[PDB]
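Please read the structure below before turning to the comments.
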Amino acid sequence: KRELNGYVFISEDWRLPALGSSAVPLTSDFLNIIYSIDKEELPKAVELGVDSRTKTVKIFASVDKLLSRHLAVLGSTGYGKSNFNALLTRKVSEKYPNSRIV
Amino acid sequence: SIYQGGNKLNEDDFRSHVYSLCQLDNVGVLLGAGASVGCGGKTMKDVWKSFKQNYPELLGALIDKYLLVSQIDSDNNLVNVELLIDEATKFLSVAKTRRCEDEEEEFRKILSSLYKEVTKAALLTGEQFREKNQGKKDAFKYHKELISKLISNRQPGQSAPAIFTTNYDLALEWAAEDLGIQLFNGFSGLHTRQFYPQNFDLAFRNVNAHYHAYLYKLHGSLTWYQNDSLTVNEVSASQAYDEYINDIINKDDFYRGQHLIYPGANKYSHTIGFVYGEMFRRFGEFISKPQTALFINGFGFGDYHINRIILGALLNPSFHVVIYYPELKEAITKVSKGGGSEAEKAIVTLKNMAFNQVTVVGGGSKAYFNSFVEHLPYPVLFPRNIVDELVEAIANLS
Amino acid sequence: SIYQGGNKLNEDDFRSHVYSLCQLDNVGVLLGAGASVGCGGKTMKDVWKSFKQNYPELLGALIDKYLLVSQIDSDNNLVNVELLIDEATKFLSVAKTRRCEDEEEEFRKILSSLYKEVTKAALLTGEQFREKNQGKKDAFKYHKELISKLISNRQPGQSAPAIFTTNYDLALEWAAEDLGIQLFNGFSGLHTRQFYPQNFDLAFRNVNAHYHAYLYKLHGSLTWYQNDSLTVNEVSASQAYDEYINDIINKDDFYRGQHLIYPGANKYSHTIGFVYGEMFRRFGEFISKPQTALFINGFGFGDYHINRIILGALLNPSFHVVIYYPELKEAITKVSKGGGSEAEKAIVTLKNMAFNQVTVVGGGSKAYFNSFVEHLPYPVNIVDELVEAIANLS
Ligand SMILES: Nc1ncnc2c1ncn2[C@@H]1O[C@H](COP(=O)(O)OP(=O)(O)OC[C@H]2O[C@H](O)[C@H](O)[C@@H]2O)[C@@H](O)[C@H]1O
Ligand SMILES: Nc1ncnc2c1ncn2[C@@H]1O[C@H](COP(=O)(O)OP(=O)(O)OC[C@H]2O[C@H](O)[C@H](O)[C@@H]2O)[C@@H](O)[C@H]1O
């Protein structure tokens with residue numbers, strides 16, 4: 001939907017498109033808009049990666065859901081398990097040196 | 001601030017209601033003299049103030065001798081100027097026919113002063129009124145938005161939007177010419193432009209595998225005149241300025257007879273009243289169709305016939321209206337004490353009466369023309385520059 | 001190496017992008033004088049620098065008395081030969097009309113040397129120019145491959161490929177005859193060949209059950225001339241060489257007048273300018289159609305009109321262009337100080353603008369013709385044994 005001067009995202013699984021609606025391919029701008037977060041917590045995020053299909057969209061993640069709860073990583077041997085831990089620890093240290101990691 | 005059926009309403013529901021009204025078969029708007037204030041215009045109160053300030057000796061002849069204006073209305077600045085002009089253009093004709101020299105001579109000065117005062121307030125640009133590309137400025141930024149909004153909400157196979165107005169300035173033509181949109185106003189030809197009432201029933205089509213709208217002027221325009229031919233001609237701004245507007249603005253005494261068509265002055269000739277009659281008849285014919293929605297903005301509700309026509313059209317069960325009124329609170333307060341004027345009484349009667357077809361919006365600064373354009377919806381897939389860079393690069397390319 | 005709006009690309013993505021753009025409805029390529037050096041051609045500035053040193057006496061008159069050449073450009077070898085010839089032709093006509101014997105005899109000498117210079121490098125084979133089956137030589141191995149790749153990539157029931165060029169040689173026509181296809185250059189006839197503009201609206205078919213392409217020359221050719229009949233004609237290579245080429249090259253002084261049509265001279269007459277106007281109009285009409293793809297290589301971007309028509313055609317959001325420029329590094333260095341020639345500004349400006357359909361290549365030497373023909377998609381010699389059978393019986 002369109003706002004006064006920007007856009008926001010709200011999802012409820014009860015509204016459906018009407019019949020006869022035209023179909024169009026999606027540009028990278030709409031892809032950027034879809035993953036956008038609330039304007040209140042924009043500068044409190046950490047970069048994660050870029051999709052492989054278009055290679056032109058940036059994926060962020062707010063610190064709140066980044067570290068409030070617990071987490072677990074699953075995968076095969078050497079497929080971004082220790083590398084991801086080291087990279088995430090380095091990034092959270094760089095964003096906030098006050099953090100403690102053991 | 002937003003009432004319908006006698007109950008308040010919030011912003012989101014009102015915005016959702018406005019969008020649903022734009023999908024009907026027929027859509028039309030009605031504008032008044034207030035819609036051009038932000039572009040450099042003036043309302044009727046300012047015009048009367050300026051007239052009674054600059055020409056104080058002529059008020060006596062109007063008030064005490066010929067009984068054309070009442071003292072109470074003159075004090076409060078609530079005088080119908082166009083009715084006064086229409087009634088004054090009759091004494092002059094009677095005196096001319098009856099061969100009374102002094103009466104003929106006085107009304108020339110009176111009408112010259114009235115026209116000099118009323119003409120200067122409608123140029124909107126001053127001396128640059130005779131230039132070109134006047135629609136590229138920034139004062140006309142919202143008229144283009146309104147025109148683009150109304151056109152892009154129509155699905156193929158539907159009718160075209162219609163616009164009515166009581167102004168006699170060139171704001172809408174200037175705005176529409178820049179966008180690349182053709183307006184039909186019942187005139188055709190270039191070297192000799194004439195009025196054909198049947199032109200209101202035409203539309204374009206393509207043969208090579210376009211976009212238009214309609215404009216009705218209920219009070220005339222500055223570029224319409226009749227010159228000893230028993231017919232009505234239309235000219236461009238440059239020709240009018242070089243012919244008679246410059247003489248009107250910058251001369252002491254200069255008046256001619258049945259020559260100008262605005263703001264509805266020479267109604268005693270059967271040749272001129274035809275245009276007004278047709279323009280007003282098409283308005284009444286329009287709002288009698290099923291599935292019609294009308295917006296009102298800038299209208300002062302000071303007219304009897306328009307009020308009567310609007311009230312009668314509500315008997316049909318498929319006619320919806322939305323009204324804007326900046327001074328709702330003062331009208332409500334004044335009427336509840338047993339006083340008030342005709343416009344306030346009419347608007348309060350409309351507000352109190354229980355209908356889901358009537359919405360009244362009043363908030364002071366929230367009921368202006370700039371805010372009205374914002375409520376209409378942007379299509380999501382509407383694109384939004386590079387053209388300026390390309391034009392600059394081409395221009396700088398030697 | 002590869003830039004598009006400010007980002008880099010690799011070989012595979014560039015190949016995929018090229019293959020995607022080679023599927024639209026209309027595809028056309030524009031070639032310049034730079035693509036002919038790979039088979040024996042010469043650059044225009046090479047011609048100028050070889051001309052001024054060969055005739056130092058004439059160079060003084062062109063700069064001192066008639067003010068036709070700017071000394072700075074002569075030092076920097078930035079003189080346009082086509083404009084020079086076009087402007088020099090009308091001086092002789094004016095002198096002849098006003099009967100000035102001195103000016104006429106002076107001007108009759110410069111044009112002979114200029115034409116000897118320009119026609120020397122256009123033969124591409126030397127004396128053997130008047131022989132048969134010149135397209136079988138090694139230098140034309142790439143042109144046949146390019147033509148075959150362009151034709152074979154068109155889907156059935158689609159428009160024919162379009163080829164544009166600026167060089168006035170026969171290099172691109174030699175390969176067509178040996179390959180075995182038909183090119184419509186606007187002419188028709190054998191014993192008396194004439195010019196018919198409507199020829200560009202024909203196509204072959206089989207009555208009982210395909211090879212045709214359109215070529216435009218914006219500056220003429222060596223086989224076109226007007227033989228005083230106020231009509232245009234075309235001849236063969238041998239006939240042209242026997243008629244006028246041999247005399248021009250060998251004889252020291254041989255000039256006749258407004259008789260040859262190359263490289264764009266004699267535009268003042270109302271009979272010769274018809275061909276140039278028609279070719280330019282057809283070029284302009286082509287890039288105004290929807291679903292078009294354009295490829296540019298070997299062009300110096302020195303023609304103001306072509307640049308203007310290219311820039312103005314980008315307002316259509318379904319228009320694609322691919323451009324090669326081996327000298328982008330010196331351009332970006334020069335523009336950093338806000339200085340340079342008009343071509344420098346034209347080539348640089350087309351990068352700092354916001355549009356994702358504009359492609360610029362500045363890989364120094366990555367933008368050469370043999371690599372450009374290589375980039376085209378290709379599918380993933382049976383008569384080689386009958387030669388012995390022919391040699392058996394002779
Ligand atoms: N920026 C604004 N935006 C909207 N409304 C405004 C604005 N500024 C003032 N207003 C209000 O807009 C209104 C303007 O009132 P007037 O111009 O006298 O009324 P009319 O244009 O109908 O007068 C001509 C009539 O004469 C014939 O008889 C026909 O009836 C004609 O319509 C006031 O409420 C202003 O406060
Ligand atoms: N072997 C090569 N392969 C590919 N491109 C090449 C090669 N050699 C040079 N180039 C490029 O070829 C280009 C030649 O640069 P300029 O010296 O301006 O060309 P010109 O003097 O012949 O005239 C150029 C045009 O101007 C006229 O109006 C006509 O239209 C001419 O066609 C450069 O990009 C070179 O890098």
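All residue names refer to the structure tokens as shown: chains lettered A, B, ... in order, residues numbered from 1 in each chain, ligands numbered from 1 in order.
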
Please write out the residues within 9 Å of ligand 1 as a PyMOL selection string, counting only C-alpha atoms and all ligand atoms. chain B and resi 31-38+42-45+78+80-83+165-167+218-219+297-306+324-327+364-365+367-372

Residues from last step as file, N, CA and C atoms, as a compact mmCIF listing (two decimals), in the first residue's frame:
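Writing done, so here's selection.txt:
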# COMPACT_ATOMS: atom_id res chain seq x y z
N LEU B 31 -15.78 24.13 -8.88
CA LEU B 31 -14.85 25.03 -8.23
C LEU B 31 -15.40 26.45 -8.19
N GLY B 32 -14.88 27.24 -7.26
CA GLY B 32 -15.31 28.62 -7.10
C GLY B 32 -14.15 29.59 -7.14
N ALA B 33 -14.39 30.84 -6.74
CA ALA B 33 -13.34 31.85 -6.76
C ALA B 33 -12.27 31.62 -5.70
N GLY B 34 -12.52 30.76 -4.72
CA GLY B 34 -11.52 30.48 -3.71
C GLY B 34 -10.42 29.54 -4.16
N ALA B 35 -10.66 28.76 -5.21
CA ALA B 35 -9.66 27.81 -5.68
C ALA B 35 -8.48 28.47 -6.38
N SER B 36 -8.59 29.75 -6.75
CA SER B 36 -7.52 30.46 -7.42
C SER B 36 -6.83 31.48 -6.52
N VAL B 37 -7.14 31.48 -5.22
CA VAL B 37 -6.49 32.40 -4.30
C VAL B 37 -5.01 32.09 -4.13
N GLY B 38 -4.65 30.81 -4.11
CA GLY B 38 -3.26 30.44 -3.95
C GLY B 38 -2.38 30.68 -5.15
N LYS B 42 -8.06 36.93 -5.98
CA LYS B 42 -8.72 37.67 -4.91
C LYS B 42 -10.16 37.21 -4.81
N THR B 43 -10.70 37.25 -3.59
CA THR B 43 -12.11 36.93 -3.38
C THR B 43 -12.96 38.19 -3.54
N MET B 44 -14.28 38.01 -3.42
CA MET B 44 -15.19 39.12 -3.69
C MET B 44 -15.10 40.19 -2.61
N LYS B 45 -14.83 39.79 -1.37
CA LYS B 45 -14.70 40.77 -0.29
C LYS B 45 -13.54 41.72 -0.54
N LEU B 78 -20.71 42.43 1.63
CA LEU B 78 -21.45 41.24 1.20
C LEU B 78 -22.28 41.58 -0.04
N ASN B 80 -23.09 41.43 -4.09
CA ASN B 80 -22.97 40.61 -5.28
C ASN B 80 -22.52 41.50 -6.44
N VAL B 81 -21.25 41.39 -6.82
CA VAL B 81 -20.68 42.31 -7.80
C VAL B 81 -21.24 42.05 -9.19
N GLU B 82 -21.32 40.78 -9.61
CA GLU B 82 -21.77 40.48 -10.96
C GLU B 82 -23.23 40.87 -11.17
N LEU B 83 -24.07 40.68 -10.15
CA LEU B 83 -25.45 41.15 -10.24
C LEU B 83 -25.50 42.67 -10.38
N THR B 165 -16.83 25.46 -13.35
CA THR B 165 -16.20 26.54 -12.60
C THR B 165 -16.98 27.83 -12.81
N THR B 166 -16.82 28.76 -11.86
CA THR B 166 -17.42 30.08 -11.94
C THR B 166 -16.38 31.18 -12.09
N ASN B 167 -15.16 30.82 -12.47
CA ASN B 167 -14.08 31.78 -12.68
C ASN B 167 -14.01 32.19 -14.15
N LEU B 218 -19.33 28.72 -16.38
CA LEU B 218 -20.68 29.22 -16.15
C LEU B 218 -20.77 30.74 -16.16
N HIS B 219 -19.65 31.46 -16.13
CA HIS B 219 -19.68 32.92 -16.08
C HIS B 219 -18.87 33.58 -17.19
N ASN B 297 -15.68 22.49 -3.97
CA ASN B 297 -14.55 23.10 -3.28
C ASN B 297 -14.45 24.56 -3.71
N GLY B 298 -14.47 25.47 -2.74
CA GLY B 298 -14.32 26.89 -3.02
C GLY B 298 -15.60 27.63 -3.34
N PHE B 299 -16.75 26.97 -3.27
CA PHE B 299 -18.03 27.60 -3.57
C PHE B 299 -18.63 28.18 -2.29
N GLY B 300 -19.09 29.43 -2.37
CA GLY B 300 -19.62 30.14 -1.24
C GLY B 300 -21.09 29.94 -0.95
N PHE B 301 -21.80 29.18 -1.78
CA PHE B 301 -23.23 28.88 -1.58
C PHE B 301 -24.06 30.16 -1.50
N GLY B 302 -23.70 31.16 -2.29
CA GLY B 302 -24.44 32.40 -2.37
C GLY B 302 -25.41 32.50 -3.53
N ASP B 303 -25.68 31.40 -4.23
CA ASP B 303 -26.53 31.40 -5.41
C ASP B 303 -27.79 30.60 -5.15
N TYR B 304 -28.93 31.13 -5.60
CA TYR B 304 -30.22 30.49 -5.36
C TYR B 304 -30.46 29.33 -6.32
N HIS B 305 -30.23 29.55 -7.62
CA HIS B 305 -30.56 28.54 -8.61
C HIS B 305 -29.71 27.29 -8.44
N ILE B 306 -28.42 27.45 -8.17
CA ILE B 306 -27.55 26.29 -7.99
C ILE B 306 -27.96 25.51 -6.75
N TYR B 324 -16.99 21.03 0.98
CA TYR B 324 -15.91 21.62 1.77
C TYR B 324 -16.33 23.00 2.23
N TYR B 325 -16.12 23.29 3.52
CA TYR B 325 -16.52 24.59 4.06
C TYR B 325 -15.60 24.99 5.21
N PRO B 326 -14.71 25.96 5.00
CA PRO B 326 -13.74 26.32 6.05
C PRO B 326 -14.36 26.87 7.32
N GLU B 327 -15.50 27.55 7.24
CA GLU B 327 -16.06 28.31 8.36
C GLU B 327 -17.30 27.65 8.94
N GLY B 364 -11.18 24.70 8.96
CA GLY B 364 -10.41 25.92 8.82
C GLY B 364 -9.36 25.80 7.74
N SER B 365 -8.11 25.56 8.14
CA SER B 365 -7.01 25.40 7.19
C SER B 365 -6.96 24.02 6.57
N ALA B 367 -9.59 22.66 5.07
CA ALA B 367 -10.60 22.66 4.02
C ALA B 367 -10.21 23.59 2.88
N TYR B 368 -8.93 23.63 2.54
CA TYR B 368 -8.42 24.47 1.48
C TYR B 368 -8.20 23.66 0.21
N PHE B 369 -7.90 24.36 -0.89
CA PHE B 369 -7.70 23.70 -2.17
C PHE B 369 -6.48 22.78 -2.13
N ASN B 370 -5.41 23.21 -1.45
CA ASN B 370 -4.20 22.40 -1.39
C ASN B 370 -4.45 21.08 -0.68
N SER B 371 -5.26 21.10 0.38
CA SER B 371 -5.56 19.87 1.11
C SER B 371 -6.54 18.99 0.34
N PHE B 372 -7.42 19.59 -0.45
CA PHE B 372 -8.40 18.81 -1.21
C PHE B 372 -7.72 17.90 -2.22

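The shell of residues at most 8 Å from residue C:164, with only C-alpha atoms counted and near chain neighbours (fewer than 6 positions) removed, consists of residues 28, 29, 30, 31, 215, 216, 217 and 218 of chain C.
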
Ligand 2: which residues are within 6 Å, counting only C-alpha atoms and all ligand atoms? Reply as a PyMOL selection string. chain C and resi 32-35+37-38+43-45+166+298-300+302-303+325-326+368-369

Identify all chain C residues at most 10 Å from chain B by counting only C-alpha atoms; ligands do not count. Present them as an MDAnalysis selection string. chainID C and resid 304 307:309 311:312 314:315 342 345:346 349:350 353:355

Just the selected residues (N, CA and C atoms), exported as a CSV table (one decimal), in the first residue's frame, please.
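The file below, again17.csv, is the result:
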chain,number,residue,atom,x,y,z
C,304,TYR,N,28.4,15.0,-35.5
C,304,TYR,CA,27.5,15.7,-34.6
C,304,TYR,C,26.0,15.2,-34.8
C,307,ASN,N,25.4,11.7,-33.3
C,307,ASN,CA,25.3,11.8,-31.9
C,307,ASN,C,24.0,12.5,-31.4
C,308,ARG,N,23.5,13.5,-32.1
C,308,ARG,CA,22.3,14.2,-31.8
C,308,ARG,C,21.1,13.2,-32.0
C,309,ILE,N,21.1,12.5,-33.1
C,309,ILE,CA,19.9,11.6,-33.3
C,309,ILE,C,20.0,10.4,-32.4
C,311,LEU,N,21.2,10.6,-29.2
C,311,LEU,CA,20.7,11.1,-27.9
C,311,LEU,C,19.2,11.3,-27.8
C,312,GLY,N,18.7,11.9,-28.9
C,312,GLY,CA,17.2,12.1,-28.9
C,312,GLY,C,16.4,10.9,-29.0
C,314,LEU,N,16.7,8.2,-27.2
C,314,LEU,CA,16.7,7.5,-25.9
C,314,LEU,C,15.4,7.7,-25.1
C,315,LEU,N,14.6,8.7,-25.5
C,315,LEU,CA,13.3,8.9,-24.8
C,315,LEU,C,12.4,7.7,-24.8
C,342,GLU,N,35.2,17.9,-28.3
C,342,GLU,CA,33.7,17.6,-28.3
C,342,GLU,C,33.5,16.1,-28.2
C,345,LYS,N,33.8,14.9,-24.6
C,345,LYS,CA,32.6,15.1,-23.8
C,345,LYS,C,31.5,14.2,-24.2
C,346,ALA,N,31.3,14.0,-25.5
C,346,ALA,CA,30.2,13.1,-25.9
C,346,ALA,C,30.4,11.7,-25.4
C,349,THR,N,30.2,11.8,-21.2
C,349,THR,CA,28.9,12.2,-20.6
C,349,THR,C,27.9,11.0,-20.7
C,350,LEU,N,28.0,10.1,-21.6
C,350,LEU,CA,27.1,9.0,-21.8
C,350,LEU,C,27.3,7.9,-20.7
C,353,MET,N,25.2,9.4,-16.6
C,353,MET,CA,23.7,9.6,-16.6
C,353,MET,C,23.0,8.4,-16.1
C,354,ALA,N,21.8,8.7,-15.7
C,354,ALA,CA,21.0,7.6,-15.0
C,354,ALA,C,20.1,6.9,-16.0
C,355,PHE,N,20.6,5.8,-16.5
C,355,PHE,CA,19.8,4.9,-17.4
C,355,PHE,C,20.5,3.6,-17.5

Could you jot down the atom CA of residue A:28 to atom CA of residue A:55 separation for me, Å, one decimal place?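 Between these atoms lies a distance of 9.6 Å.
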